[PDB]
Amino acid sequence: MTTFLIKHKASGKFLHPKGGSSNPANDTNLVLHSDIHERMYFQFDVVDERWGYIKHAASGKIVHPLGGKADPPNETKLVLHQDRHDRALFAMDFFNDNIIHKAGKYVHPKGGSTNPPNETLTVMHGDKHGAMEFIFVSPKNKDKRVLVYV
């Protein structure tokens, strides 16, 4: 029941539903944006050990690779959708600072910039570098890491 911000480590921007709606439509893209508000709070619903759903707190929709592929290819866009099923399972790796999908690819800003412009889309991608790192922080203190698994 921890509520948290998903902060892009290299830039300090955050994960947002595009347009910042408190009830985004199914398949709304997830983007990076520098602002902080209640419509970009997230929660994490643990389903199976490390695996769980990344839940948009304001709407209850969860993060999906678009099209619900179990093994999405590189550049598959990330979106919000009400559906709850095991092709939307991620782990929040707070030791290596990344978000990893069940099939092994990572959440990236599209293009992998260390300082992506606001509204950059997010995609799945297998590579690791400094610009796909994320930390999970308190909505009350964007520099304080919080535990997403409790």
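Heads up: residue numbers just count along the shown sequence, starting at 1.
Averaged over CA atoms, B-factors in the entry run higher in 22-30 than in the other of 22-30 and 83-91. As recorded in the PDB entry, 64-72 is the stretch of 95-103 and 64-72 with the greater mean C-alpha temperature factor. Among the modelled residues of its chain, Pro116 has a C-alpha B-factor that falls in the highest third, as given in the PDB entry. In the PDB entry, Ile54 places in the lowest third of its chain by CA B-factor. For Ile36, the recorded CA B-factor ranks within the highest third of the chain. Only modelled residues enter the ranking.
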